[PDB]
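Have a look at data_27.json below; it lists JSON, C-alpha atoms.
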```json
[["chain", "number", "residue", "atom", "x", "y", "z"],
["A", 1, "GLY", "CA", 87.72, 88.51, -68.62],
["A", 2, "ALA", "CA", 87.31, 84.97, -67.29],
["A", 3, "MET", "CA", 84.82, 83.07, -65.12],
["A", 4, "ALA", "CA", 85.33, 82.82, -61.36],
["A", 5, "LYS", "CA", 86.11, 79.40, -59.83],
["A", 6, "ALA", "CA", 83.35, 77.41, -58.15],
["A", 7, "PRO", "CA", 83.44, 78.32, -54.43],
["A", 8, "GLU", "CA", 84.28, 76.06, -51.49],
["A", 9, "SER", "CA", 80.78, 75.70, -50.04],
["A", 10, "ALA", "CA", 79.64, 74.58, -46.58],
["A", 11, "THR", "CA", 79.33, 70.93, -47.70],
["A", 12, "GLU", "CA", 83.07, 70.57, -48.26],
["A", 13, "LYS", "CA", 83.74, 71.76, -44.71],
["A", 14, "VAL", "CA", 81.45, 69.16, -43.13],
["A", 15, "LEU", "CA", 83.04, 66.48, -45.29],
["A", 16, "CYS", "CA", 86.51, 67.64, -44.26],
["A", 17, "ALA", "CA", 85.58, 67.35, -40.57],
["A", 18, "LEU", "CA", 83.89, 63.97, -41.12],
["A", 19, "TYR", "CA", 87.09, 62.69, -42.74],
["A", 20, "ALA", "CA", 88.93, 63.65, -39.54],
["A", 21, "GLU", "CA", 86.43, 61.83, -37.31],
["A", 22, "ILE", "CA", 86.80, 58.64, -39.28],
["A", 23, "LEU", "CA", 90.54, 58.79, -39.94],
["A", 24, "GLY", "CA", 91.82, 60.18, -36.64],
["A", 25, "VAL", "CA", 93.99, 62.87, -38.28],
["A", 26, "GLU", "CA", 94.62, 66.42, -37.00],
["A", 27, "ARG", "CA", 93.59, 68.18, -40.22],
["A", 28, "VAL", "CA", 91.98, 67.57, -43.52],
["A", 29, "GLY", "CA", 92.56, 69.79, -46.54],
["A", 30, "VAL", "CA", 89.82, 70.35, -49.14],
["A", 31, "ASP", "CA", 91.80, 68.16, -51.55],
["A", 32, "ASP", "CA", 93.08, 65.70, -48.96],
["A", 33, "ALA", "CA", 93.15, 62.12, -50.25],
["A", 34, "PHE", "CA", 91.17, 59.81, -47.92],
["A", 35, "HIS", "CA", 93.37, 56.85, -48.90],
["A", 36, "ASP", "CA", 96.70, 58.61, -48.15],
["A", 37, "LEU", "CA", 95.31, 59.60, -44.75],
["A", 38, "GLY", "CA", 95.17, 55.84, -44.06],
["A", 39, "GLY", "CA", 91.63, 55.41, -45.32],
["A", 40, "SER", "CA", 90.28, 52.07, -46.49],
["A", 41, "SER", "CA", 86.92, 50.81, -47.78],
["A", 42, "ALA", "CA", 86.26, 49.60, -44.23],
["A", 43, "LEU", "CA", 86.48, 53.21, -43.04],
["A", 44, "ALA", "CA", 84.77, 54.63, -46.14],
["A", 45, "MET", "CA", 81.48, 52.88, -45.29],
["A", 46, "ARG", "CA", 81.55, 54.47, -41.83],
["A", 47, "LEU", "CA", 82.15, 57.82, -43.52],
["A", 48, "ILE", "CA", 79.12, 57.30, -45.75],
["A", 49, "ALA", "CA", 77.07, 56.43, -42.67],
["A", 50, "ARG", "CA", 78.08, 59.67, -40.90],
["A", 51, "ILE", "CA", 77.32, 61.67, -44.00],
["A", 52, "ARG", "CA", 73.67, 60.59, -43.77],
["A", 53, "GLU", "CA", 73.40, 61.88, -40.20],
["A", 54, "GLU", "CA", 74.98, 65.22, -41.12],
["A", 55, "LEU", "CA", 73.92, 66.03, -44.69],
["A", 56, "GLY", "CA", 70.74, 63.95, -44.62],
["A", 57, "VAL", "CA", 71.67, 62.03, -47.78],
["A", 58, "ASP", "CA", 73.33, 58.77, -48.80],
["A", 59, "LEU", "CA", 76.80, 59.42, -50.21],
["A", 60, "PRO", "CA", 77.16, 57.64, -53.60],
["A", 61, "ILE", "CA", 80.23, 55.42, -53.05],
["A", 62, "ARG", "CA", 81.09, 55.39, -56.79],
["A", 63, "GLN", "CA", 81.74, 59.13, -56.53],
["A", 64, "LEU", "CA", 83.79, 58.53, -53.37],
["A", 65, "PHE", "CA", 86.04, 56.09, -55.23],
["A", 66, "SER", "CA", 86.25, 58.34, -58.30],
["A", 67, "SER", "CA", 87.11, 61.38, -56.15],
["A", 68, "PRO", "CA", 88.56, 60.38, -52.72],
["A", 69, "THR", "CA", 88.94, 64.01, -51.56],
["A", 70, "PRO", "CA", 86.36, 65.92, -49.58],
["A", 71, "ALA", "CA", 85.91, 68.73, -52.13],
["A", 72, "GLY", "CA", 86.26, 66.30, -55.00],
["A", 73, "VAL", "CA", 83.48, 64.02, -53.95],
["A", 74, "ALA", "CA", 81.19, 67.02, -53.31],
["A", 75, "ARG", "CA", 81.65, 68.36, -56.82],
["A", 76, "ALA", "CA", 81.60, 64.89, -58.41],
["A", 77, "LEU", "CA", 78.20, 63.91, -57.00],
["A", 78, "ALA", "CA", 77.00, 67.36, -57.94],
["A", 79, "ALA", "CA", 78.09, 66.74, -61.56],
["A", 80, "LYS", "CA", 76.18, 63.43, -61.51],
["A", 81, "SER", "CA", 73.06, 65.43, -60.59],
["A", 82, "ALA", "CA", 73.65, 68.09, -63.26],
["A", 83, "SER", "CA", 71.23, 68.45, -66.19],
["A", 84, "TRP", "CA", 74.15, 67.86, -68.57],
["A", 85, "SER", "CA", 77.47, 66.02, -68.27],
["A", 86, "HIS", "CA", 80.39, 64.84, -70.39],
["A", 87, "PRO", "CA", 80.90, 61.08, -70.66],
["A", 88, "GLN", "CA", 83.71, 59.66, -68.51],
["A", 89, "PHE", "CA", 85.29, 56.22, -68.44],
["A", 90, "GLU", "CA", 85.63, 54.57, -65.02],
["A", 91, "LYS", "CA", 86.91, 51.15, -63.96]]
```
Final structure tokens representation of the file:
Amino acid sequence: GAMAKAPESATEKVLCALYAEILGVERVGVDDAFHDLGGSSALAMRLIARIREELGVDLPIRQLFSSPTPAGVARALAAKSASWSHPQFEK
């Protein structure tokens, strides 16, 4: 047997829609790269602002840069809050 994958939770869906509001694109996939959708740091700060209104929390921008996808960032910040983690090099 093997373990099941982590599910796509509600958070990812809100983040996907918030990407669309900020970027002006028709659709956003769960793995859609914010930067390839025309995103810039100037837009990313507006995204973080919206995230506070919707999820009630401040989005850690280091996780946004490390994982510029809506499902990526959700799982990345979650890993930062985990009781254990592997070390990772970042620029």
Worksheet entry | Point (81.0, 70.9, -48.4) neighbourhood (12 Å, all atoms listed in the file) written as a ChimeraX atom specification | /A:6-19,29-31,51,54-55,69-78
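Checking A:62, A:40, A:68, A:47 one by one against residue 90 in chain A, counting all atoms listed in the file, you find the shortest gap at A:62.
In this structure, CA of residue 89 in chain A sits 28.7 Å away from CA of residue 50 in chain A.
Among the candidate residues A:66, A:57, A:28, A:39, the one lying nearest to residue 91 in chain A is A:66, with distances computed using all atoms listed in the file.
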Worksheet item: What separation in Å, quoted to one decimal, exists between CA of residue 85 in chain A and CA of residue 4 in chain A?
Response: 19.8 Å
Fill in: Two-atom distance - CA of residue 88 in chain A, CA of residue 45 in chain A (Å)
24.3 Å
Fill in: Residue among A:52, A:46, A:5, A:35 lying closest to residue 22 in chain A, counting all atoms listed in the file
A:46
Please fill the gaps in range 9-44 of chain A so it has N, CA and C atoms, and write that as a compact mmCIF listing (two decimals), in the coordinates of the input.
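Here's the written file part_12.txt:
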```txt
# COMPACT_ATOMS: atom_id res chain seq x y z
N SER A 9 82.03 75.52 -50.77
CA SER A 9 80.78 75.70 -50.04
C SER A 9 80.81 75.03 -48.67
N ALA A 10 79.72 75.13 -47.93
CA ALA A 10 79.64 74.58 -46.58
C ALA A 10 79.80 73.05 -46.57
N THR A 11 79.30 72.39 -47.62
CA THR A 11 79.33 70.93 -47.70
C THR A 11 80.74 70.37 -47.57
N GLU A 12 81.67 70.99 -48.27
CA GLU A 12 83.07 70.57 -48.26
C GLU A 12 83.65 70.62 -46.86
N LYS A 13 83.22 71.59 -46.07
CA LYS A 13 83.74 71.76 -44.71
C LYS A 13 83.26 70.65 -43.79
N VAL A 14 82.01 70.24 -43.94
CA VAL A 14 81.45 69.16 -43.13
C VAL A 14 82.17 67.88 -43.50
N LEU A 15 82.36 67.67 -44.80
CA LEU A 15 83.04 66.48 -45.29
C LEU A 15 84.48 66.42 -44.80
N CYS A 16 85.17 67.55 -44.82
CA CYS A 16 86.51 67.64 -44.26
C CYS A 16 86.52 67.21 -42.78
N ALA A 17 85.60 67.71 -41.98
CA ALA A 17 85.58 67.35 -40.57
C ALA A 17 85.20 65.87 -40.38
N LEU A 18 84.29 65.37 -41.20
CA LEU A 18 83.89 63.97 -41.12
C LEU A 18 85.04 63.04 -41.50
N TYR A 19 85.90 63.46 -42.42
CA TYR A 19 87.09 62.69 -42.74
C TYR A 19 87.90 62.57 -41.45
N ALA A 20 88.11 63.67 -40.75
CA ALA A 20 88.93 63.65 -39.54
C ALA A 20 88.38 62.73 -38.44
N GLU A 21 87.07 62.68 -38.32
CA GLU A 21 86.43 61.83 -37.31
C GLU A 21 86.67 60.34 -37.57
N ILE A 22 86.69 60.00 -38.85
CA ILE A 22 86.80 58.64 -39.28
C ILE A 22 88.26 58.15 -39.36
N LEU A 23 89.13 59.08 -39.72
CA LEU A 23 90.54 58.79 -39.94
C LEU A 23 91.43 59.02 -38.72
N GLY A 24 91.01 59.89 -37.81
CA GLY A 24 91.82 60.18 -36.64
C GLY A 24 93.03 61.06 -36.93
N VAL A 25 92.89 61.96 -37.89
CA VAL A 25 93.99 62.87 -38.28
C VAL A 25 93.71 64.28 -37.76
N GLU A 26 94.76 65.07 -37.56
CA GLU A 26 94.62 66.42 -37.00
C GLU A 26 93.84 67.34 -37.94
N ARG A 27 94.18 67.27 -39.22
CA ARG A 27 93.59 68.18 -40.22
C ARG A 27 93.27 67.46 -41.50
N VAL A 28 92.35 68.06 -42.21
CA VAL A 28 91.98 67.57 -43.52
C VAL A 28 91.87 68.77 -44.45
N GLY A 29 92.64 68.75 -45.53
CA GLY A 29 92.56 69.79 -46.54
C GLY A 29 91.33 69.55 -47.42
N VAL A 30 90.97 70.52 -48.24
CA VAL A 30 89.82 70.35 -49.14
C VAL A 30 90.12 69.33 -50.23
N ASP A 31 91.39 69.09 -50.49
CA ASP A 31 91.80 68.16 -51.55
C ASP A 31 92.53 66.97 -50.94
N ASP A 32 92.32 66.74 -49.66
CA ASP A 32 93.08 65.70 -48.96
C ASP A 32 92.60 64.30 -49.35
N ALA A 33 93.52 63.46 -49.78
CA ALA A 33 93.15 62.12 -50.25
C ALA A 33 92.88 61.18 -49.06
N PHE A 34 91.63 60.74 -48.98
CA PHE A 34 91.17 59.81 -47.92
C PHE A 34 92.09 58.60 -47.79
N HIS A 35 92.53 58.06 -48.92
CA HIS A 35 93.37 56.85 -48.90
C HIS A 35 94.80 57.10 -48.40
N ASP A 36 95.32 58.32 -48.55
CA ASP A 36 96.70 58.61 -48.15
C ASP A 36 96.70 58.94 -46.66
N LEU A 37 95.53 59.36 -46.17
CA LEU A 37 95.31 59.60 -44.75
C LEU A 37 95.07 58.27 -44.00
N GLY A 38 95.33 57.15 -44.67
CA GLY A 38 95.17 55.84 -44.06
C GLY A 38 93.81 55.21 -44.28
N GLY A 39 92.98 55.88 -45.06
CA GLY A 39 91.63 55.41 -45.32
C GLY A 39 91.55 54.14 -46.13
N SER A 40 90.53 53.35 -45.83
CA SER A 40 90.28 52.07 -46.49
C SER A 40 88.79 51.98 -46.75
N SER A 41 88.35 51.00 -47.52
CA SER A 41 86.92 50.81 -47.78
C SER A 41 86.16 50.53 -46.48
N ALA A 42 86.84 49.90 -45.53
CA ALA A 42 86.26 49.60 -44.23
C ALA A 42 85.91 50.88 -43.47
N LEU A 43 86.73 51.91 -43.65
CA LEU A 43 86.48 53.21 -43.04
C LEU A 43 85.51 54.03 -43.90
N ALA A 44 85.60 53.88 -45.21
CA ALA A 44 84.77 54.63 -46.14
C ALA A 44 83.27 54.39 -45.91
```
